[PDB]
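**Q**
Number of protein chains: 4
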Amino acid sequence: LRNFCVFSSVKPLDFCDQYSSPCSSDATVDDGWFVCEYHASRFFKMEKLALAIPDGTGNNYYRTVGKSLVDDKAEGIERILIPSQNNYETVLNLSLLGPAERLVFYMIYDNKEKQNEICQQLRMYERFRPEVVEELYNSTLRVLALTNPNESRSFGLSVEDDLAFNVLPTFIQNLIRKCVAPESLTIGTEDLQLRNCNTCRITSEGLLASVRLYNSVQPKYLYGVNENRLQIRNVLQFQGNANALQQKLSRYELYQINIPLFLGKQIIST
Amino acid sequence: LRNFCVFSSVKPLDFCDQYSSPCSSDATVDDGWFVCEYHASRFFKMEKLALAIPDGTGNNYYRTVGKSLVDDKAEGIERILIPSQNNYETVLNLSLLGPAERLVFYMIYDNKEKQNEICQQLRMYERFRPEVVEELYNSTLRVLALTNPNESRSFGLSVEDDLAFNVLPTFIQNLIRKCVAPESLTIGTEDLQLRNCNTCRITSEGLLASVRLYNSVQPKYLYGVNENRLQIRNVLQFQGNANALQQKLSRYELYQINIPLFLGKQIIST
Amino acid sequence: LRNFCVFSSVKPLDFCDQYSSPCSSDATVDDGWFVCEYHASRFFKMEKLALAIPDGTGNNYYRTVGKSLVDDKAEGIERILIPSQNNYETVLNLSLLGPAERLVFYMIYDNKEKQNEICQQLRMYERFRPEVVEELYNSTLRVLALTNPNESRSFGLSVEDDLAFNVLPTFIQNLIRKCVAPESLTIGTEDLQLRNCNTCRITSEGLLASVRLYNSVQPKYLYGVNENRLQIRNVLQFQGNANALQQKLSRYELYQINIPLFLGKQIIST
Amino acid sequence: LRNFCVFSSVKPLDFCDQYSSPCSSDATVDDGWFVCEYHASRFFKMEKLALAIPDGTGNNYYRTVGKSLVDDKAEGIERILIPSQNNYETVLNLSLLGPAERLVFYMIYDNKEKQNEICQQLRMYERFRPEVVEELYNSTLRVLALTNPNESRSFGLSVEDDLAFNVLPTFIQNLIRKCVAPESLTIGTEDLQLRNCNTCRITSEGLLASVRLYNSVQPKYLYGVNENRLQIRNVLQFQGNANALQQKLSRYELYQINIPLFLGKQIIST
């Protein structure tokens, strides 16, 4: 598979003489997410980060961790990172999306009736090109197949967290497992406390950025804005020169104020 | 003051025809620590980091935060970042240090009797050069003068934390204030939750890295090691190629596993 | 006989259009083992070594000695070099092996009932090629025939060692005699003390590497390992440059740390 | 020191216009013996061998071990490897050696009266060149200085072995320590059983090859023989062709029949 993104198979059904998928350059690497950084940012509101664990000899074990794009001012469903099967249609706005993306989302969340309804309603597009549904269905199925199943992963000390996790679809479970790093990682015979505090939570509505931590990240795929419209809203600004703002302190190494997803514990077998 | 480091005035008392202070390049910037990064790393086991707070217009307010160099395997006094006046002599090993550094440490912690004893015992060095004690005392005094005193700073919800903080010397109090960032910062009219969890603690023995978080930082001033001696100790290593170690994931942006000092809350007045 | 290995006659019963035996290049020399070095390493966990005894004129008498591949960390049945008829099925894992190898092992250890059962159960393979059992049985029988019987060989000063040796099958007895060198060899009229200490033992469970000597041998047929799987286990390493590790001493002739099989005494008649 | 051999300073006292020391090529490496392989073979009847201990990462720790040149037919003082101060004069035949070698041996064994007597008797050679004794004495002293002093070394389970070892001179003690390998070596936290049996012994007469093991080593510095003289002595020879002598078995890797010096246990600190 040259492109591992589950949304890479989405194409204009009407006419595709020359179309390029919007997947980013990371869609060609098998990091286990099966979602490119562009699509993850667009849908699940997160980016990818690499976490390196050293051993003592000079070898590094690498892991993926999600970086939350949710600001501290977001409320309600705006703080939901990955929606669950109970509210994915409302959170992702499936009615507004195109039929191909809607079918892909239905197949991801395992809605057989919706899958059949969309497939039967999409047959009239066969009159344009004879692979409107066949190749899309096959590609999505072969992408989802790779997600099917002494390392252990716990997502909280409470039973309700485990119940919320085990009712999610297999693709969603794999995405959450790959995007959420453990607070404490037991590797070999030693425990590494990556963080003593959590930043995300798993509930009946999916994976949410429950903690309202301050986020100062600049998205590299969601930075578009309409300059033609006039926006009138109060903000706060600083008065002073470099002495008052202490601009010289910028010469030091900057501490990034971001929100990586940390929750639960992980056991890595020998 | 071209050099703001309190230890920059320490010179060989016997002979100083051509001597260069070991202060790093950051000793010439007035960041409020009054201790260079080299000396802070050597004594208080921490480095300097810059924290930027945006406003909304495009201006950044900069602050200093300490980065802990204490590993999770350290025990007891090895986890003490900044010792208090009760145990600074034992923690810093004053009996092993030179007379000039010992006098500087005595003056920092306000031990008048020790100051007078060292000054009277150091008079025999006047026979080499007539400024063995005078210029050192004057420089240390003028450095300490700058540390003398609606912004507020709380270092915990418990009374004992405040009692431990207010019994420290003025220089130590200023260093702790400059090196420890607040968990939540109330700026203007809004609260920014920099971190929901703490990484350091203030007790009767000073500022300690109480939380045994995993540290993967490489000191840039304490990396020396004797290769001639043979060291025999068990460690853990990873077996596998790039596929097993997932080296390709290194192409993503790395999340730094370090321990910045976060504790208490801060109120910044308009 | 171009190939003297007893396991060289094992072939895929189903289809053998182009099959090459895994016997090593030493299978074509009649050293008396009747087992190639590859198969000896695979089953009995030993390699072949040559021992030369000079006379005084310039002629050398050559003998074979087994080199143990068992490490000092092995425990229990992992230290068994050549299993006896009491536990050969468990040690060699006959239930996991193919029917041809199982039949060969049954014939080696003289289990007539198992031989007949396997021969009658293997008749259904005659429908593929008409020599599934006939040629294999004939080759194994003609190989075993060569092993049938004032030189003397003692395998210990205790009676139980002799009792353990004399209850073994003829093929196993010949293999042990050829692979185990004497501690003291009486040749002509003089005794040569090859070794004052023993390295192997013969008991009711066969020939075992009883002595937990350190083994630093690298097998040349058992060096395969799966690099795709991640292995997490603590080991010990040395810190230091060539001066600390004394790498220059590598210019001298190296003393090989291996475990040849030495036990008992041998009398060679004129 | 370009040449670490203690006997390298021995020169013809009468005339040295063009003289080359008989030290071998290993005299320029600081292996801790301070005796070249040629001189060790000539006097103490042993050669040098390298022993490599692996760790688990890929680094090897190297040690020196003595290889005994004493045959199993030697008797009495012919089996003495390193003589002690009680019988070094008789074993080494000091009365037959030259004055320079005799003085070097006296200084090695710490015989002050003999040293002074030889130095005063060697003054008449000052009339040839003015450094007959001065440079030799200085070189021998500076060589012996390097031998002066949680690793531990035991040379037997009996008290008499320790008493015999501790009464030897410092140079002899260092030579025995460097040339005798431990039977069991405790490195780090694990024990490596290099050999379960000993090959040498330490007694009141020094280090001896007590065990009459068969030796088939060919010395590379003591192979000279007078072919002009006729030697008449009975030996044993083998009758037969390659089939009777089993010359084909020479194709296997040969097991060297030599006698490395193994005795006691060694503890290597971290």
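Residue numbers (the deposited numbering), protein chains in the order written: chain A, 13 to 161, 171 to 291; chain B, 13 to 161, 171 to 291; chain E, 13 to 161, 171 to 291; chain F, 13 to 161, 171 to 291. Where is the CB? At the ideal position from N, CA and C, for every residue including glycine.
Given that A:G209 touches chain E, what residues does it touch there, using C-beta distances under 8 Å?
**A** Chain E residues near A:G209: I253, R254, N255.
**Q** Less than 9 Å between CB atoms is the rule here; does B:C17 satisfy it with respect to chain A?
**A** Cβ-Cβ to chain A under 9 Å: no for B:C17.
**Q** How would you label A:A64, buried or exposed, when you count the other beta carbons within 10 angstroms and need 16 or more for buried?
**A** With 16 or more other Cβ atoms within 10 Å, it is buried.
**Q** Whole angstroms are fine: how far does the CA of B:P24 sit from the CA of A:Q277?
**A** Cα to Cα, the separation comes out at about 41 Å.
**Q** Quick one: is B:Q258 near chain F, going by C-beta distance under 9 Å?
**A** Yes, B:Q258 counts as interfacial toward chain F.
**Q** Would the segment 212-226 of chain F count as touching the segment 203-212 of chain E if we require 3 or more Cβ pairs under 8 Å?
**A** The segment 212-226 of chain F, when compared against the segment 203-212 of chain E, does not touch it at the 8 Å Cβ threshold.
**Q** Are the segment 237-256 of chain B and the segment 105-121 of chain B touching, with three or more C-beta to C-beta distances below 8 Å?
**A** The answer is no - the segment 105-121 of chain B does not touch the segment 237-256 of chain B, with fewer than three Cβ pairs under 8 Å.
**Q** Give a yes or no on whether the minimum CB-CB distance between A:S290 and chain E is below 9 Å.
**A** Judged by the 9 Å Cβ criterion, A:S290 is in contact with chain E.
**Q** Please classify F:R75 as buried or exposed, where buried requires at least 16 neighbouring CB atoms within 10 angstroms.
**A** Buried, since its Cβ has 16 or more Cβ neighbours within 10 Å.
**Q** Helix, strand or coil, according to DSSP, for F:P95 in the structure here?
**A** Three-state result, F:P95: strand.
**Q** Using the Cα positions of B:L213 and A:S237, report the straight-line distance between them to the nearest angstrom.
**A** Cα-Cα distance, rounded: 11 Å.
**Q** With respect to the beta strand (DSSP E) encompassing F:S205, which residues constitute its N-terminal and C-terminal limits?
**A** Looking at the DSSP string, the run of the beta strand (DSSP E) that includes F:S205 is 205-208.
**Q** Whose C-beta lies closer than 8 Å to the C-beta of F:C35 among residues of the same chain, with five residues either side of it excluded?
**A** Here the set comprises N15, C17, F19, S20, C48, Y50, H51.
**Q** If we ignore side chains and look at the alpha-carbon of each, how far apart do B:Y149 and B:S33 end up?
**A** Computed Cα separation, rounded: 17 Å.
**Q** Assuming A:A230 and A:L93 make a contact with CB atoms under 8 Å, what is their CB distance in whole Å?
**A** With 8 Å as the limit, A:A230 and A:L93 qualify as a contact, their Cβ atoms being about 6 Å apart.
**Q** Which of helix, strand or coil does DSSP assign to B:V180?
**A** Residue state, collapsed to three classes: helix.
**Q** Please compile the residues from chain B whose C-beta is within a distance smaller than 9 Å of the C-beta of A:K269.
**A** Within chain B, the residues near A:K269 are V41, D42, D43, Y74.
**Q** Have a look at the DSSP bridge pairing and note the partners of B:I253.
**A** DSSP, once it has assigned bridges, lists E:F259 as partnering B:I253.
**Q** Taking Cβ positions, are residue 294 of chain E and F:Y273 nearer each other than 9 Å?
**A** Residue numbering for chain E in the displayed model covers 13 to 291; residue 294 of chain E lies beyond these limits and cannot be assessed.
**Q** Give the DSSP bridge partners of F:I289, in chain order.
**A** DSSP lists F:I208 as partners of F:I289.
**Q** Compare the C-alpha of A:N98 against each of A:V180, A:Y121, A:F27, A:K85 and name the closest.
**A** The candidate whose alpha carbon is nearest that of A:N98 is A:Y121.
**Q** What is the rounded straight-line gap between the Cα of F:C28 and the Cα of F:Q239?
**A** About 33 Å.
**Q** Buried or exposed for A:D26, going by 16 or more other Cβ atoms inside 10 Å?
**A** It counts as exposed.
**Q** Which full runs of the beta strand (DSSP E) of 3+ residues lie inside the segment 34-91 of chain B, going along the chain?
**A** As far as the segment 34-91 of chain B is concerned, its whole beta strand (DSSP E) runs of at least 3 residues are 58-66, 72-80.
**Q** Please name the residue or residues paired with A:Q214 in a DSSP beta bridge.
**A** A:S205, per the DSSP bridge assignment.
**Q** Do B:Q258 and F:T69 count as a contact pair if the criterion is CB distance below 9 Å?
**A** Yes. Within cutoff.
**Q** Are the C-beta of B:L243 and some C-beta of chain E separated by less than 9 Å?
**A** Not closer than 9 Å to any Cβ of chain E, the Cβ of B:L243 fails to qualify, so no.
**Q** In terms of DSSP beta bridges, what is B:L275 paired with?
**A** Answer is A:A62.
**Q** State the start and end residues of the unbroken alpha helix (DSSP H) segment that holds B:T220.
**A** B:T220 -> no alpha helix (DSSP H), and no H or E assigned at all.
**Q** In three-state DSSP terms, what is A:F140?
**A** Of the three classes helix, strand and coil, the one that applies to A:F140 here is coil, per DSSP.
**Q** Quick check: is any heavy atom of the ligand PLP less than 8 Å from the C-beta of B:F117?
**A** This structure does not include the ligand PLP; it has no bound ligands of any sort.
**Q** Here's the rule: buried if 16 or more other CB atoms are within 10 angstroms of the residue's CB, otherwise exposed. What is F:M136?
**A** Under this definition F:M136 is an exposed residue.
**Q** Tell me which residues share the same chain as F:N72 and place their Cβ nearer than 6 Å to its Cβ, disregarding the 5 neighbours each side in the sequence.
**A** Result list for F:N72: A64, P66, in chain order.
**Q** Use the C-beta contact count for A:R222: other C-beta atoms within 10 angstroms, 16 or more gives buried, fewer gives exposed.
**A** Buried, because 16 or more other Cβ atoms sit within 10 Å of the Cβ of A:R222.
**Q** Just the C-alpha distance for B:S175 and A:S37, rounded to the nearest angstrom, thanks.
**A** Cα-Cα distance, rounded: 46 Å.
**Q** Under a CB-based cut-off of 9 Å, is A:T69 close to chain E?
**A** Output row for A:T69: interface = yes.
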